[PDB]
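Visitor: Let me begin by handing over the structure; questions about it come next.
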Amino acid sequence: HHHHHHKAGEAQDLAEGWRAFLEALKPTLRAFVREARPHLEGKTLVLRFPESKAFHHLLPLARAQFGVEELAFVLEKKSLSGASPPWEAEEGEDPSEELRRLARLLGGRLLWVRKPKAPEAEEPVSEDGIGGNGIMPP
Amino acid sequence: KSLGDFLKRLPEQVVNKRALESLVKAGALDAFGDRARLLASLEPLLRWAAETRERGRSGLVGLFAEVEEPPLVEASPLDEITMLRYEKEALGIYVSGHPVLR
DNA sequence: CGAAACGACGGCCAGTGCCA
DNA sequence: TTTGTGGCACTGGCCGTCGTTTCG
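Protein chains in written order, with this note's numbering: chain G, 211 to 348; chain S, 17 to 118.
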């Protein structure tokens, strides 16, 4: 339950996908599912604890009788996404057409449109400043 | 076990809202969540904590004397500048990092 | 005539400011 | 002497008690 405790806004809201181990999104519970799996296990081992749920019917008890054959997300890094005066500019696509440098910036640009500037928004530092620098070697 | 478990157990009588705020800011409740999320969830869970007592204080026991704590009310994560500003307020000294190191 | 309910006020605790 | 620190007194916010005024 340590990962559930770290919850910060919608951060762990978009974290069950990052695990993953679901069924085509969400059959059963307002998952996480990883909160029903340790409860089934109980404490640490302990056989009364695993057994309990088993008599009524950590990771491999779940593998026994559970919705697994779907595959959504992977890492831990994969993303996707978590969808379910100077400015850019010029214009704007993306990819960028005035700046920017050249790795992992388009992604930011892609995210960006539109249309505030500044603002700065989390909290600093660069972005408007760099734009300024370019309007600067006009 | 949780922020709700903390509030219903230690009432506002003992640990008041002013004290609870800095207890979150200082980091005493970091084991239950994000500071911004916890601070926001204070007054809602305080009402819930006071509501849990009167259920027990007029019959009932647990299952019907407590609709278990709701999920922590959502909020944006704090930036280090405003986070370390709260730590200085709550502990009187820049505990755990200096704003300049960001 | 007696009970209740509302408002005043103390004090208590805490957050602060001062002074030694 | 111009600076920091530790103790203690003052204000404000909330809380709980008591006293008065009203209603039955």
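Beta carbons: idealized from backbone N, C-alpha and C, even for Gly.
First and last residue of the alpha helix (DSSP H) that includes residue 265 of chain G?
Guide: 258–266
Visitor: Interface residues of chain G around residue 47 of chain S at Cβ under 7 Å?
Guide: 215
Visitor: Just to confirm, are residue 20 of chain S and residue 61 of chain S a CB contact at a threshold of 8 Å?
Guide: yes
Visitor: If you scan the stretch 287–339 of chain G from start to end, which runs of the alpha helix (DSSP H) of 4 or more residues do you find wholly inside it?
Guide: 316–322
Visitor: Cβ closer than 9 Å: which chain G residues qualify as neighbours of residue 86 of chain S?
Guide: Ordered by position in chain G, no residue passes the 9 Å Cβ test against residue 86 of chain S, which lies about 12 Å from the chain.
Visitor: Give me whichever residues DSSP pairs with residue 73 of chain S in a beta bridge.
Guide: S/75
Visitor: Could you tell me whether any Cβ in chain S is nearer than 8 Å to the Cβ of residue 219 of chain G?
Guide: Chain S places a beta carbon closer than 8 Å to that of residue 219 of chain G, counting this residue as a contact.
Visitor: I need the straight-line Cα distance from residue 319 of chain G to residue 56 of chain S, nearest angstrom please.
Guide: 32 Å
Visitor: From which residue to which residue does the alpha helix (DSSP H) around residue 97 of chain S run?
Guide: 96–107
Visitor: In this structure, how does DSSP classify residue 343 of chain G when only helix, strand and coil are distinguished?
Guide: helix
Visitor: Using a threshold of 8 Å, state whether the C-beta atoms of residue 215 of chain G and residue 48 of chain S are closer than that.
Guide: A contact, by the Cβ cut-off of 8 Å.
Visitor: CA-CA distance, residue 79 of chain S and residue 98 of chain S?
Guide: 40 Å
Visitor: Using a Cβ-Cβ cutoff of 7 Å, what residues of the stretch 233–256 of chain G are near chain S? List them in chain order.
Guide: none
Visitor: Which residues, in order along the stretch 50–73 of chain S, keep a beta-carbon less than 8 Å from a beta-carbon of chain G?
Guide: 50, 52 and 53
Visitor: For a contact meaning CB atoms closer than 9 Å, what does residue 91 of chain S contact in chain G?
Guide: The answer, in chain order, is 218 and 219.
Visitor: Comparing the C-beta of residue 95 of chain S with each C-beta of chain G, is any distance below 8 Å?
Guide: Yes, residue 95 of chain S counts as interfacial toward chain G.
Visitor: Below 8 Å, can you find three or more Cβ-Cβ pairs linking the stretch 242–257 of chain G to the stretch 301–318 of chain G?
Guide: no
Visitor: Answer yes if the stretch 270–286 of chain G comes into contact with the stretch 242–253 of chain G, meaning at least three C-beta pairs across the two stretches below 8 Å, and no otherwise.
Guide: yes
Visitor: I'd like the list of long-range same chain contacts for residue 166 of chain G, defined as Cβ closer than 6 Å, with 5 residues on each side in sequence excluded.
Guide: As shown, chain G starts at 211 and ends at 348. That puts residue 166 of chain G outside it, with no answer to give.
Visitor: What does residue 333 of chain G reach in chain S if we use C-beta pairs closer than 7 Å?
Guide: Against chain S, the beta carbon of residue 333 of chain G has neighbours under 7 Å at 95 and 97, listed in chain order.
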